[PDB]
Every structure is written in C-alpha cells, then in structure tokens.
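Here the structure comes first, spelled out in structure tokens, and everything after it is commentary.
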Amino acid sequence: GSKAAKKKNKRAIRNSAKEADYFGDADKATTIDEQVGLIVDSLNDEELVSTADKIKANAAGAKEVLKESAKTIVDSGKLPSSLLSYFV
C-alpha cells in the first residue's frame, strides 16, 4: 500500500537496464525492458522497493537484482522462465 513508492519503484526497476547498461544486449533492448516490466508487474510493493534498494547499492550490476527477481518470479510460478529468458 505504498502508493507513492510503487509508482517510483515500478519504473526504477526497469530504469536499471538503462542505468546499469543493457549489458551488451542492446540489440534486444526492447525484449530486455519488457521482461523487466513483467518482473515489476508480477512483484509487489515490497518486492519493488527491496530489489530497487539493491540496485542503488550496486548500480553497475543491477542485472544481479533483476536476475534475482526474475528467478524468484519463476520460482513462485508467476511467470514462465521463457518470458524472462534473458535473465533467467
């Protein structure tokens, strides 16, 4: 229920691919950003901030957090690994 944080964090998680670079996979930038969006939408308020926080702790390796989220989402069975195929 952190309505103010949700809006910021939701996009912030996705901005990580910008801020931490597309990791050399800039050709699939669109795919990458979409997957991160599916990540943020399948997560909740607390997860958004939790992962985001880690991203600010390591801006250079935001992917580590995105991969963590991705695997966690696949783990719970929210999203198939195929949808997050870049990180997972």
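Letters for chains follow the order of the structure tokens (A, B, ...), residue numbers begin at 1 for each chain, and ligand numbers begin at 1 in the order shown.
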Open item on the list: Just want the 6 Å neighbourhood of segment 17-28 of chain A, counted on only C-alpha atoms, with same-chain residues fewer than 3 positions away dropped. Output as a PyMOL selection string.
Closed with: chain A and resi 31+59-60+62
Task: Long-range neighbours of residue 11 of chain A as a PyMOL selection string, 10 Å cut-off, only C-alpha atoms, 3 positions minimum in chain - done: chain A and resi 6-8+14-16+36-37+40+48+52
How would the residues just chosen look if you wrote them out with N, CA and C atoms as a compact mmCIF listing (two decimals), in the first residue's frame?
```txt
# COMPACT_ATOMS: atom_id res chain seq x y z
N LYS A 6 5.41 2.90 -4.95
CA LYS A 6 5.07 1.96 -6.05
C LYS A 6 5.37 2.55 -7.40
N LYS A 7 4.84 3.74 -7.64
CA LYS A 7 4.99 4.41 -8.92
C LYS A 7 6.47 4.66 -9.27
N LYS A 8 7.22 5.10 -8.30
CA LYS A 8 8.63 5.36 -8.48
C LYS A 8 9.42 4.07 -8.69
N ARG A 14 12.94 -0.96 -13.88
CA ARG A 14 13.10 -1.02 -15.32
C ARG A 14 14.23 -0.11 -15.79
N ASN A 15 14.35 1.05 -15.15
CA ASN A 15 15.41 2.02 -15.45
C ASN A 15 16.80 1.45 -15.23
N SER A 16 16.90 0.40 -14.44
CA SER A 16 18.15 -0.25 -14.15
C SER A 16 18.85 -0.72 -15.42
N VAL A 36 11.68 -6.93 -17.82
CA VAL A 36 11.81 -6.25 -16.53
C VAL A 36 10.45 -5.68 -16.11
N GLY A 37 9.65 -5.29 -17.08
CA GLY A 37 8.33 -4.80 -16.79
C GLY A 37 7.43 -5.90 -16.27
N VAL A 40 8.44 -6.33 -12.72
CA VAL A 40 7.89 -5.35 -11.78
C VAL A 40 6.38 -5.53 -11.57
N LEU A 48 9.26 -4.51 -4.98
CA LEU A 48 9.75 -3.44 -5.87
C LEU A 48 10.85 -2.67 -5.16
N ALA A 52 14.86 -2.66 -5.81
CA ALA A 52 15.31 -1.31 -6.17
C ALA A 52 16.43 -0.88 -5.28
```
Open item on the list: Which residues are close to residue 69 of chain A, i.e. within 7 Å by only C-alpha atoms, leaving aside same-chain residues fewer than 4 positions away? Reply as number ranges by chain.
Closed with: A: 39, 65, 73
Task: Point-to-point distance in Å for atom CA of residue 56 of chain A and atom CA of residue 78 of chain A - done: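 These two atoms are separated by 25.4 Å.
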TODO: List the neighbours of residue 35 of chain A out to 8 Å using only C-alpha atoms; skip same-chain residues closer than 5 positions along the sequence, and give me the result as an MDAnalysis selection string.
DONE: chainID A and resid 83:84 86
Open item on the list: Set the distance at 10 Å and use only C-alpha atoms: which residues neighbour residue 2 of chain A once local chain neighbours fewer than 5 positions away are removed? I'd like the list as a PyMOL selection string.
Closed with: chain A and resi 7+44-46+49
Those residues with N, CA, C and O atoms, as a tab-separated table (two decimals), in the first residue's frame please?
```
chain	number	residue	atom	x	y	z
A	7	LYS	N	4.84	3.74	-7.64
A	7	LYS	CA	4.99	4.41	-8.92
A	7	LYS	C	6.47	4.66	-9.27
A	7	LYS	O	6.90	4.44	-10.41
A	44	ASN	N	5.42	-7.14	-5.97
A	44	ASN	CA	4.50	-6.31	-5.18
A	44	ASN	C	5.27	-5.15	-4.63
A	44	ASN	O	6.48	-5.08	-4.81
A	45	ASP	N	4.58	-4.30	-3.86
A	45	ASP	CA	5.13	-3.04	-3.28
A	45	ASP	C	6.46	-3.28	-2.64
A	45	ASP	O	7.44	-2.57	-2.90
A	46	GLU	N	6.51	-4.30	-1.85
A	46	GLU	CA	7.65	-4.56	-1.01
A	46	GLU	C	8.77	-5.14	-1.80
A	46	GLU	O	9.92	-4.85	-1.54
A	49	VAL	N	10.55	-2.23	-3.93
A	49	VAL	CA	11.47	-1.44	-3.16
A	49	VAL	C	12.69	-2.24	-2.75
A	49	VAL	O	13.80	-1.74	-2.77
```
TODO: Check the smallest atom-to-atom distance from each of A:79, A:64, A:50, A:72 to residue 38 of chain A using only C-alpha atoms, then report the winner.
DONE: A:79
Open item on the list: What's the separation between atom CA of residue 53 of chain A and atom CA of residue 5 of chain A, in Å to one decimal place?
Closed with: 11.7 Å
Task: Separation of atom CA of residue 67 of chain A from atom CA of residue 51 of chain A, in Å and rounded to one decimal - done: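 Answer for the atom CA of residue 67 of chain A to atom CA of residue 51 of chain A separation: 10.2 Å.
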